[PDB]
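Coordinates in review
Take a look at the letters that make up each chain.
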Amino acid sequence: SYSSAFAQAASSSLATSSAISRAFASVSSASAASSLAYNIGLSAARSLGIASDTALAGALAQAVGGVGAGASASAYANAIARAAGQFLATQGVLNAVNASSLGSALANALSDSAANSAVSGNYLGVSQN
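Below, the structure is looked at part by part. (Residues numbered from 1 in each chain as written, not as in the entry; some residues may be left out. Heavy atoms only, no water.)

1. Description of the environment of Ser29
- In this fold, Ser29 is placed in the loop between α2 (18–26) and α3 (30–48).
- A sequence separation of 95 residues divides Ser29 from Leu124, and the C-alpha atoms of the two residues are 13 Å apart. (Helix = DSSP H or I, 4+ residues; strand = E, 2+ residues; numbered from the N terminus.)

2. What to know about the nonpolar core
- The biggest cluster of nonpolar side chains holds 34 residues, and the ones touching the most others in it are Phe6, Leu14, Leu60, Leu88 and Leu110.
- Of all the secondary-structure elements, those providing two or more residues to this core are α1 (2–16), α2, α3, α4 (53–67), α5 (73–90) and α6 (101–116).
- With 9 residues, α5 is the single largest residue contributor to this core. (Core = buried A, V, L, I, M, F, W, Y, C linked by side-chain atoms within 4.5 Å. Buried < 20%, exposed > 50% of the residue type's maximum accessible area, 1.4 Å probe, protein only.)

3. Comments concerning the environment of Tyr76
- Positionally, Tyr76 belongs in helix α5.
- Linking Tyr76 and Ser34, residues 42 residues apart in sequence, is a C-alpha distance of 9.9 Å.
- In contact with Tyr76, other than residues within four places in its own chain, are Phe24, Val64, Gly68, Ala69, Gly70 and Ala71. (Contact = heavy atoms within 4.5 Å.)

4. Examining α3
- An ideal rise of 1.5 Å per residue puts 27 Å on 19 residues; α3 measures up with 26 Å between its terminal C-alpha atoms.
- Within α3, burial applies to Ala33, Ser34, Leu36, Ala37, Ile40, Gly41, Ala44 and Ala45. Along the axis of α3, the buried positions cluster into a sector of 160°, meaning they face one direction only. In α3, those exposed residues whose orientation departs by more than 90 degrees from the buried face are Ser31, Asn39 and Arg46.
- Those residues of α3 that are buried are in contact with α2, α4 and α6.
- One or two residues past the end of α3 sits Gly49, with phi positive at roughly 90°. (Expected span 1.5 Å × (residues − 1). Arc of directions from axis to C-beta.)

Everything listed here is a matter of geometry and, on its own, says nothing about what the molecule does.
Now the structure itself:
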């Protein structure tokens, strides 16, 4: 079970990533959540070198939209890590060498992308207090 191992390491980092928890709590619509998962997924897919960034990010958009708004950071993180998990399994990137630890590597790419959402300085709800 390479997808479950990838999702264990990905979940370990996504659950310690308060920036990803804030990304999912900031949005209040399943299309805003799927669009965040698309934007952070295009960034992760470009950093990882994927030949179809729109298809991997599109699977992450459908993964987050599959639970919909008003859910745990674990539910969205597991949905992303299973959808990335299916994509990296069909690429053969998941292997007995370290399919587990590559889940932490994807969660680090998504964490860089969700911290990078603070570059735009408005999508995190915004405040002046």
